[PDB]
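A short write-up of the structure that comes next.
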Amino acid sequence: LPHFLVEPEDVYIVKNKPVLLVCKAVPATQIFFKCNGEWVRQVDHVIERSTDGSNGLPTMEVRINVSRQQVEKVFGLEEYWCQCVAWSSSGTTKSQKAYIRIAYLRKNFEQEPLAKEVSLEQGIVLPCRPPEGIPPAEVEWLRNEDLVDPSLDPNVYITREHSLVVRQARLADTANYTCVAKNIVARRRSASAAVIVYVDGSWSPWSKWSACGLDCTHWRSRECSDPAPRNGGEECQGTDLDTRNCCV
Ligand SMILES: *[C@@H]1O[C@H](CO)[C@@H](O)[C@H](O)[C@H]1NC(C)=O
């Protein structure tokens with residue numbers, strides 16, 4: 001019985017360029033391809049006959065070119081497939097069904113990231129669902145122009161559901177985040193989502209009481225710097241100076 005060395009793999013049509021399906025078996029006397037329940041012509045087959053290194057048995061290597069027009073013309077229930085069959089003195093053998101699909105990628109995203117307002121300690125999740133296409137598109141994130149790398153920082157990482165997760169604000173500051181769907185046919189960039197990191201201003205501890213001056217009054221100082229109000233963040237609610245009656 002013949003044993004396959006090289007089996008036909010699942011190939012995709014990029015643009016309109018032909019695909020090659022390599023098939024090799026040992027021992028082989030005759031080798032033919034069967035596409036969608038129909039045999040391929042002998043002239044279309046590119047045969048390669050050679051003697052095996054391990055034992056004195058004939059080895060055959062065959063390759064067929066399948067164009068874009070050949071795939072799209074076949075209309076039915078199941079997808080375009082090509083199975084390689086090998087012959088010998090003992091019997092026949094069947095290889096794995098290699099599925100040939102026309103590669104594509106849509107323009108409209110299923111889900112795009114939106115603008116979010118977050119504080120210094122709180123964490124945010126930026127969701128993204130890439131457009132439909134065969135094979136599925138890989139997801140890459142951009143912080144403004146620069147590519148987001150999850151290996152550089154543990155606080156910034158991309159989940160299995162393509163969403164970007166950030167747990168802090170100083171480790172990932174203010175930036176327009178855009179989701180990029182990457183496929184062999186086309187690269188699709190989503191709309192930029194403005195992520196703003198605000199610092200809510202809270203008062204600093206009270207200073208020491210000043211000496212009792214004239215008109216029986218003494219003041220105390222206060223500052224809005226623990227933490228200081230940055231970006232959109234709200235200012236400190238209260239007074240900068242506190243007056244109290246204390247003398248002669
Ligand atoms: C996003 O870019 C716009 C200009 O196109 C800018 O005005 C805005 O502040 C940016 N947002 C962030 C978070 O950088």
Side-chain angles (χ1 to χ4, degrees), residues 10-17 68 101-133 135-207 219-242:
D10 296 75
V11 279
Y12 298 95
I13 307 288
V14 183
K15 293 179 179 179
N16 289 341
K17 293 179 179 179
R68 188 179 183 253
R101 299 171 188 187
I102 305 139
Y104 73 100
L105 215 277
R106 292 173 200 270
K107 290 184 183 283
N108 57 291
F109 276 81
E110 233 70 71
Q111 191 176 47
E112 280 182 82
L114 284 103
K116 279 182 181 76
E117 295 88 76
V118 73
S119 60
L120 275 303
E121 282 283 87
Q122 290 286 287
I124 43 93
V125 190
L126 282 156
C128 180
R129 278 162 66 195
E132 291 178 302
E138 289 192 295
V139 161
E140 284 272 75
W141 283 89
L142 298 172
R143 201 205 213 172
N144 292 310
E145 300 326 293
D146 307 289
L147 192 85
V148 181
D149 190 43
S151 64
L152 294 174
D153 196 56
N155 193 74
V156 188
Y157 65 98
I158 305 151
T159 52
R160 287 176 178 176
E161 277 73 54
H162 310 292
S163 59
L164 186 79
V165 181
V166 169
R167 280 190 284 268
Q168 284 171 279
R170 281 193 170 186
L171 280 89
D173 304 282
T174 50
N176 270 296
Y177 293 92
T178 180
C179 184
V180 183
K182 284 176 182 177
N183 206 15
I184 294 169
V185 164
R187 287 198 204 180
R188 299 272 187 262
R189 194 198 280 241
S190 75
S192 299
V195 173
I196 58 141
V197 291
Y198 59 87
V199 190
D200 280 303
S202 75
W203 292 116
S204 60
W206 291 108
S207 61
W219 58 269
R220 195 162 70 169
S221 62
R222 211 188 202 181
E223 282 181 76
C224 185
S225 59
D226 290 78
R230 288 167 189 261
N231 298 74
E234 280 187 278
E235 283 183 283
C236 296
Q237 191 182 56
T239 42
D240 297 80
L241 290 148
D242 186 69

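FYI, the numbering just counts along the sequence from 1. Scope of the values below: all heavy atoms of this structure, side chains included, with no hydrogens, waters or symmetry mates. Remember, it's 1-based here, ligands and their atoms both numbered in the order they're listed.
Contact annotation for atom 11 (N) of ligand 1: protein present (non-hydrogen atoms, distance under 4.0 Å). Under the 4.0 angstrom criterion, atom 5 (O) of ligand 1 counts as lacking any protein heavy-atom contact.
Of the N or O atoms in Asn144, none lie within a sub-3.5 Å distance of an N or O in ligand 1.
Ion pairing between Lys182 and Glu140 holds under the 4.0 Å rule for side-chain N and carboxylate O.
Nearest approach of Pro130 to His162, heavy atoms of both residues: CD-CD2, 3.6 Å. Taking every heavy atom of both residues into account, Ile13 and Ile102 meet most closely at CB-CA, 4.1 Å.
Legend: residues meeting side chain to side chain contact (heavy atoms under 4.5 Å, CB included) with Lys116, ordered by chain and number and at least two apart, are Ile124, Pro127.
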May I have the list of side-chain donor-acceptor pairs in residues 221-242 shorter than 3.5 Å, sequence neighbours left out?
residue: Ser221; atom: OG; partner: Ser207; partner atom: OG; Å: 2.7

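Contacts of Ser192 with ligand 1, taken as heavy-atom pairs under 4.0 Å, are absent altogether.
For atom 14 (O) of ligand 1, the nearest non-hydrogen atom from the set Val197, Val195, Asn176 comes from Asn176.
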